[PDB]
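In the block that follows, a single chain appears as structure tokens, in the form deposited in one PDB entry.
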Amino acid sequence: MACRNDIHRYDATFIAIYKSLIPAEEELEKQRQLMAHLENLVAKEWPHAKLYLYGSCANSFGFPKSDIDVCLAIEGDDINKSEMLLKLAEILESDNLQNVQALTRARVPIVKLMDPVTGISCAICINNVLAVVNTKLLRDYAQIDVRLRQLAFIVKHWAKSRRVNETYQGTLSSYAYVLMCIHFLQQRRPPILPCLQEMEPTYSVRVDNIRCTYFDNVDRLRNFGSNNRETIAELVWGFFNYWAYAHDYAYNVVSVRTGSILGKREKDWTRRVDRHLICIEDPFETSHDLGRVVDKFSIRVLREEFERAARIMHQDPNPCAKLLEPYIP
């Protein structure tokens, strides 16, 4: 199947959606205000702690009204994150922050809050420093070619509109969608993005026993994708066509780390151990399949939505608006 030959009639509609999702500078100032407020609070409780922003508010892919993610980093070998987060939830409530919720039995313990002063909502985790590093990797990829943020914005907005963007309900995180978008652009001919982890590296850090190494001098690559002249509507059609009809769900793994497709058997992801129904390898924690949140029920919904998206992109006379229509049972 070849891309529809009228595809460029729809580029402008997708650019307009992308531009509509860029956060307002006023919202970014409110993020900084809440971060400084939280830094002050934590400094009285744990003066030796340090706070780091990560996730959508720091990786270039944030939407308007996106929560800020904060990593509370603290040294020690006997750190009990649940006891810390329960103490922090009480400190947050006593400072008059709202909707403070501590989930200390989840896989990654977390406390959530909403600030009525800045209107910004926030989630805090303890010592998940790896997330700060993969945030930098995504931020560095985003500097290489504007089409990455454009495609990722359309895909993330689509996933929210079609209700397939919540790991608690068995669908995919925004971080997973951004990795899928990076991998798709790595595989274009010619490629729109390089494989930074395969290049001669300029950056390397170790967190826990995991070394994170890649070429991060991305200012040298600002025109890397210039040999590829594909437009945004072409890439949106191609992305959903891949996941709808080309991806081998039973056997294949998409790997931003290598810019290639790996085998499930080669990854030892052949059966649930951690389900492995739509395999997306984390670039640094390579034992982590980001699709493991998807189960034997939600995989059917995801694939059905991929097929709907691909067919809309190929055949609908107004594909941008139709693609993003909400699902109404």
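All residue numbers refer to positions in the sequence shown, first residue = 1. Residues that one form lacks are left out of the comparison. Take the two forms, superpose them, and find the largest set of C-alpha atoms that agree within 1.5 Å; that set is the rigid core.
The next section is about a form of this same protein that is not shown, the form deposited in another entry.
> After fitting the rigid core, tell me which of 174, 118, 135, 241 has its Cα displaced by at least 2 Å between this form and the one not shown.
Result of the comparison: 118.
> Superpose the two forms on their rigid core, then report whether the C-alpha of residue 198 is displaced by 2 angstroms or more between this form and the one not shown.
For residue 198, whose C-alpha is compared between this form and the one not shown after core superposition, the shift is less than 2 Å.
> Core superposed first: is there a CA shift of 2 Å or greater at residue 280 between this form and the one not shown?
Moves: no, less than 2 Å.
> When the rigid core is used for the superposition, does residue 48 move between this form and the one not shown (threshold: C-alpha shift of 2 Å or more)?
Yes, the C-alpha position differs by at least 2 Å between this form and the one not shown.
> Given a CA distance change of at least 3 Å, are residue 205 and residue 48 closer or farther in the other form?
Nearer in the other form, by 3 Å or more.
> Could you tell me whether residue 175 and residue 107 have their C-alpha atoms closer or farther apart in the other form than in the shown form, knowing the shift is 3 angstroms or more?
Result: farther.
> Superposing on the rigid core, where do three or more consecutive Cα atoms all move 2 Å or more between this form and the one not shown?
Shifted segments: 25-53, 66-128.
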